[PDB]
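This report concerns only the one structure given below.
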Amino acid sequence: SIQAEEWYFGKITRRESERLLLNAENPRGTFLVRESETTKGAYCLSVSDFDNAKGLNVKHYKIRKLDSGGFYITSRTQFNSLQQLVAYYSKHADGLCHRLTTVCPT
Ligand SMILES: CC(=O)N[C@@H](Cc1ccc(CC(=O)O)c(C(=O)O)c1)C(=O)N[C@H]1CCCCN(Cc2ccc(-c3ccccc3)cc2)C1=O
């Protein structure tokens, strides 16, 4: 169950995710998964990033879950669970701003 995952923050808003992620102590890739504010059954992967152009900033990625079972950000790259998706993106940056590193502090 994802509700049991420590990186699953459930029902928190995009602004709240940004307040949490915009902590100067967070290295690139700090993250959390939350419910989408707009899409029933969809999730959002909120990730911290940092560069010399934007400084500390946050990106939000939509994660889809098909009735058919798969979870994905891009339909070309799917997973059997949200957990496997997180594990994969903790090792490959692919199209994300940074690979996922550690769970966001409260
Ligand atoms: C207003 C906003 O922040 N929208 C987000 C998408 C979004 C996220 C959460 C909610 C919901 C909410 O905030 O509650 C909604 C919404 O529904 O309104 C919309 C966005 O544009 N992120 C960017 C994030 C930075 C990359 C660019 N991109 C397109 C893209 C390109 C490639 C990939 C990719 C990733 C991994 C591997 C391969 C490709 C992913 C996205 C995005 O979607």
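Labeling convention for the structure tokens: chains A, B, ... as they appear, residues from 1 per chain, ligands from 1 in order of appearance.
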Q | Selection as a list in words: residues within 7 Å of ligand 1 by only C-alpha atoms and all ligand atoms | A |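 Checked against 7 Å with only C-alpha atoms and all ligand atoms; the hits are residues 13, 14, 35, 36, 37, 38, 39, 44, 59, 60, 61, 62, 73, 74, 94, 95, 96 and 97 of chain A.
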**Q.** Exercise: residue 34 (chain A) partners within 7 Å, only C-alpha atoms, chain neighbours under 6 positions left out, as number ranges by chain
**A.** A: 8-12, 43-45
Q.
Please determine, counting only C-alpha atoms, which residue among A:92, A:76, A:98, A:64 has the shortest atom-to-atom distance to residue 29 (chain A).
A.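 Looking only at the distances to residue 29 (chain A), the closest residue turns out to be A:98.
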I need the helix (DSSP H, G or I) residues of chain A per DSSP on the backbone, written as a PDB file with N, CA and C atoms, in the first residue's frame.
ATOM      1  N   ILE A   2       0.500   2.237  -0.831  1.00  0.00           N
ATOM      2  CA  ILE A   2       1.276   3.471  -0.906  1.00  0.00           C
ATOM      3  C   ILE A   2       1.031   4.375   0.326  1.00  0.00           C
ATOM      4  N   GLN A   3      -0.140   4.253   0.943  1.00  0.00           N
ATOM      5  CA  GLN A   3      -0.463   5.061   2.121  1.00  0.00           C
ATOM      6  C   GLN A   3       0.571   4.775   3.232  1.00  0.00           C
ATOM      7  N   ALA A   4       1.143   3.575   3.194  1.00  0.00           N
ATOM      8  CA  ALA A   4       2.150   3.172   4.172  1.00  0.00           C
ATOM      9  C   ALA A   4       3.569   3.663   3.792  1.00  0.00           C
ATOM     10  N   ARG A  14      -0.471  21.581  -3.677  1.00  0.00           N
ATOM     11  CA  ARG A  14       0.737  21.920  -4.404  1.00  0.00           C
ATOM     12  C   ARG A  14       1.544  23.016  -3.592  1.00  0.00           C
ATOM     13  N   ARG A  15       0.844  24.043  -3.099  1.00  0.00           N
ATOM     14  CA  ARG A  15       1.526  25.114  -2.353  1.00  0.00           C
ATOM     15  C   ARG A  15       2.232  24.554  -1.082  1.00  0.00           C
ATOM     16  N   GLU A  16       1.557  23.637  -0.395  1.00  0.00           N
ATOM     17  CA  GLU A  16       2.135  23.019   0.790  1.00  0.00           C
ATOM     18  C   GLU A  16       3.383  22.229   0.388  1.00  0.00           C
ATOM     19  N   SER A  17       3.277  21.454  -0.691  1.00  0.00           N
ATOM     20  CA  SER A  17       4.442  20.688  -1.151  1.00  0.00           C
ATOM     21  C   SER A  17       5.600  21.642  -1.450  1.00  0.00           C
ATOM     22  N   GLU A  18       5.291  22.820  -1.990  1.00  0.00           N
ATOM     23  CA  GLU A  18       6.339  23.771  -2.294  1.00  0.00           C
ATOM     24  C   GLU A  18       6.937  24.395  -1.018  1.00  0.00           C
ATOM     25  N   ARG A  19       6.087  24.689  -0.034  1.00  0.00           N
ATOM     26  CA  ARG A  19       6.567  25.246   1.223  1.00  0.00           C
ATOM     27  C   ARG A  19       7.630  24.195   1.859  1.00  0.00           C
ATOM     28  N   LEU A  20       7.242  22.926   1.858  1.00  0.00           N
ATOM     29  CA  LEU A  20       8.093  21.872   2.397  1.00  0.00           C
ATOM     30  C   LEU A  20       9.395  21.653   1.605  1.00  0.00           C
ATOM     31  N   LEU A  21       9.273  21.680   0.283  1.00  0.00           N
ATOM     32  CA  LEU A  21      10.421  21.437  -0.581  1.00  0.00           C
ATOM     33  C   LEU A  21      11.389  22.617  -0.711  1.00  0.00           C
ATOM     34  N   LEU A  82       3.666   2.029  -7.640  1.00  0.00           N
ATOM     35  CA  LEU A  82       4.198   3.366  -7.436  1.00  0.00           C
ATOM     36  C   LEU A  82       5.608   3.235  -6.792  1.00  0.00           C
ATOM     37  N   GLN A  83       5.750   2.229  -5.945  1.00  0.00           N
ATOM     38  CA  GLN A  83       7.009   1.949  -5.279  1.00  0.00           C
ATOM     39  C   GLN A  83       8.113   1.682  -6.318  1.00  0.00           C
ATOM     40  N   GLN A  84       7.794   0.884  -7.341  1.00  0.00           N
ATOM     41  CA  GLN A  84       8.787   0.541  -8.375  1.00  0.00           C
ATOM     42  C   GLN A  84       9.117   1.746  -9.221  1.00  0.00           C
ATOM     43  N   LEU A  85       8.131   2.606  -9.424  1.00  0.00           N
ATOM     44  CA  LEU A  85       8.337   3.843 -10.182  1.00  0.00           C
ATOM     45  C   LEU A  85       9.313   4.729  -9.398  1.00  0.00           C
ATOM     46  N   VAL A  86       9.070   4.882  -8.098  1.00  0.00           N
ATOM     47  CA  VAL A  86       9.971   5.694  -7.273  1.00  0.00           C
ATOM     48  C   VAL A  86      11.415   5.095  -7.272  1.00  0.00           C
ATOM     49  N   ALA A  87      11.517   3.772  -7.131  1.00  0.00           N
ATOM     50  CA  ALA A  87      12.823   3.135  -7.118  1.00  0.00           C
ATOM     51  C   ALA A  87      13.543   3.392  -8.456  1.00  0.00           C
ATOM     52  N   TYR A  88      12.807   3.263  -9.564  1.00  0.00           N
ATOM     53  CA  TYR A  88      13.420   3.497 -10.875  1.00  0.00           C
ATOM     54  C   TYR A  88      13.947   4.972 -10.996  1.00  0.00           C
ATOM     55  N   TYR A  89      13.095   5.940 -10.665  1.00  0.00           N
ATOM     56  CA  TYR A  89      13.500   7.350 -10.759  1.00  0.00           C
ATOM     57  C   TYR A  89      14.525   7.823  -9.704  1.00  0.00           C
TER      58      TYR A  89
END
Q: Give the strand (DSSP E) residues of chain A, as assigned by DSSP on the backbone, as a ChimeraX atom specification.
A: /A:8-10,31-35,43-51,55-65,71-72,78-79
Restricted to C-alpha atoms, what would the selected residues look like written as a PDB file, in the first residue's frame?
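After the write, result_10.pdb holds the following:
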ATOM      1  CA  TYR A   8       3.461   9.392   0.290  1.00  0.00           C
ATOM      2  CA  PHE A   9       2.071  12.613   1.726  1.00  0.00           C
ATOM      3  CA  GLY A  10      -1.489  11.982   0.496  1.00  0.00           C
ATOM      4  CA  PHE A  31      10.719  14.565  -3.030  1.00  0.00           C
ATOM      5  CA  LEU A  32       7.266  13.492  -2.033  1.00  0.00           C
ATOM      6  CA  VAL A  33       4.242  11.965  -3.751  1.00  0.00           C
ATOM      7  CA  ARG A  34       0.838  13.491  -3.181  1.00  0.00           C
ATOM      8  CA  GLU A  35      -2.663  13.396  -4.626  1.00  0.00           C
ATOM      9  CA  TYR A  43      -0.785  11.623  -8.253  1.00  0.00           C
ATOM     10  CA  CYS A  44       1.904  14.234  -8.330  1.00  0.00           C
ATOM     11  CA  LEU A  45       5.583  13.662  -7.744  1.00  0.00           C
ATOM     12  CA  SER A  46       6.959  16.977  -6.337  1.00  0.00           C
ATOM     13  CA  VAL A  47      10.707  17.324  -6.536  1.00  0.00           C
ATOM     14  CA  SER A  48      13.256  19.887  -5.353  1.00  0.00           C
ATOM     15  CA  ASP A  49      15.953  21.093  -7.704  1.00  0.00           C
ATOM     16  CA  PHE A  50      18.737  23.652  -7.583  1.00  0.00           C
ATOM     17  CA  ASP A  51      20.822  25.379 -10.223  1.00  0.00           C
ATOM     18  CA  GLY A  55      18.380  28.559  -7.342  1.00  0.00           C
ATOM     19  CA  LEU A  56      16.174  26.322  -5.146  1.00  0.00           C
ATOM     20  CA  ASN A  57      13.029  25.437  -6.992  1.00  0.00           C
ATOM     21  CA  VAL A  58      10.327  22.775  -7.311  1.00  0.00           C
ATOM     22  CA  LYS A  59       8.974  20.725 -10.240  1.00  0.00           C
ATOM     23  CA  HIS A  60       5.717  18.769 -10.229  1.00  0.00           C
ATOM     24  CA  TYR A  61       5.254  15.635 -12.347  1.00  0.00           C
ATOM     25  CA  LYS A  62       1.908  13.956 -12.973  1.00  0.00           C
ATOM     26  CA  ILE A  63       1.846  10.229 -12.361  1.00  0.00           C
ATOM     27  CA  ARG A  64      -0.911   8.223 -14.029  1.00  0.00           C
ATOM     28  CA  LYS A  65      -2.346   4.963 -12.865  1.00  0.00           C
ATOM     29  CA  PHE A  71       1.910   3.624 -13.099  1.00  0.00           C
ATOM     30  CA  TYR A  72       3.892   6.147 -15.147  1.00  0.00           C
ATOM     31  CA  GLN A  78       5.637   2.048 -16.901  1.00  0.00           C
ATOM     32  CA  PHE A  79       5.765   0.240 -13.609  1.00  0.00           C
TER      33      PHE A  79
END
Q. How many Å separate CA of residue 105 (chain A) from CA of residue 41 (chain A)?
A.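 Interatomic distance here is 24.7 Å.
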Q: Determine the nearest neighbour of residue 99 (chain A) from the options A:77, A:30, A:24, A:7, counting only C-alpha atoms.
A: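 Distance minimum relative to residue 99 (chain A) lands on A:30.
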**Q.** Between CA of residue 75 (chain A) and CA of residue 101 (chain A), distance in Å (one decimal)
**A.**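 If I compute the distance from CA of residue 75 (chain A) to CA of residue 101 (chain A), I get 22.9 Å.
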Q: Between CA of residue 100 (chain A) and CA of residue 67 (chain A), measure the distance and give it in Å to one decimal.
A: 25.6 Å
